[PDB]
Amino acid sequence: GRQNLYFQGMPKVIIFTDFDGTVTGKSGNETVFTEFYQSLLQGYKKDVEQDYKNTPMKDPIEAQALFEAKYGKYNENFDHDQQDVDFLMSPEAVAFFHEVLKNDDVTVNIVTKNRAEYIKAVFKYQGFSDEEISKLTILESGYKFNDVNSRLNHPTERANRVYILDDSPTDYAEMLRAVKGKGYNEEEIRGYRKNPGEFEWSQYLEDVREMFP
């Protein structure tokens, strides 16, 4: 306990979460080939698909206009029962990310085969500020083991808790392998492998808030 300075004494949490079908209610391959997703790409032609991952995306303000055209304004009278609302984050997921993206002691990594431009447009449509979105680390190489392994090697501070969330068993298993290969043990890991729509975001919010005063 011998230390020459005061050092901050707060817990640290690291999140590795999938996006499509974990944060949203639709799996990746039920998302990126739809007319709606394809309409966000430059050069879109109705009933034509372009590479979903590498085709340049329309400007953010255009993507926002397309989200609003599809779903209306994400304001207080937003229609949460409308068709295709499963493309979006649930209200429980929205509340979770507002909490963790304002908490400097929580590092939020989204590990995905989707793309940062799309994820940022979803958060933006759903009321997140640029400041909040800038606290996301989006890892989109497509190989989740390498993405988590490389990220946990970064000289960040060691977590008291690591969250792993994924609706795909194979991708979950890769992230879990990477986390255990960086020295974390079972009581440090909170792993959730659920089907889309079945993640208890409000419970994870309560469990994360329990750690901080």
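Each residue number is its position in the shown sequence, starting from 1.
*Asks:* Once you work out the mean C-alpha B-factor for both 12 to 20 and 187 to 195 from the entry, which is higher?
*Replies:* Per the PDB entry, the higher value belongs to 187 to 195.
*Asks:* Of the two stretches 177 to 185 and 53 to 61, which shows the higher Cα B-factor on average in the entry?
*Replies:* According to the entry, 177 to 185 carries the higher average C-alpha B-factor.
*Asks:* Between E117, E92, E140, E76, which one tops the list for Cα B-factor in this entry?
*Replies:* Among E117, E92, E140, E76, the PDB entry lists the largest C-alpha B-factor for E76.
*Asks:* Determine which member of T170, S27, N160, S150 has the highest CA B-factor, using the values in the deposited entry.
*Replies:* Of the options given, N160 has the highest CA B-factor in the PDB entry.
*Asks:* Could you place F123 in the lowest, middle or highest third of its chain by Cα temperature factor, using the values in the record?
*Replies:* Its C-alpha B-factor belongs to the lowest third of this chain's values.
*Asks:* State the tercile, meaning the lowest, middle or highest third, of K135 with respect to the CA B-factors recorded for its chain.
*Replies:* Answer is middle: the recorded C-alpha B-factor places it there.
*Asks:* Please say which third, lowest, middle or highest, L66 falls into when its CA temperature factor is compared across its chain.
*Replies:* Middle third by C-alpha B-factor.
*Asks:* Check where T112 lands among this chain's C-alpha B-factors and tell me if it's the lowest, middle or highest third.
*Replies:* Tercile = lowest for this residue's CA B-factor.
*Asks:* Where does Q38 sit by CA temperature factor within its chain: lowest, middle or highest third?
*Replies:* For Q38, whose C-alpha B-factor we compare with every modelled residue in the chain, the answer is the lowest third.
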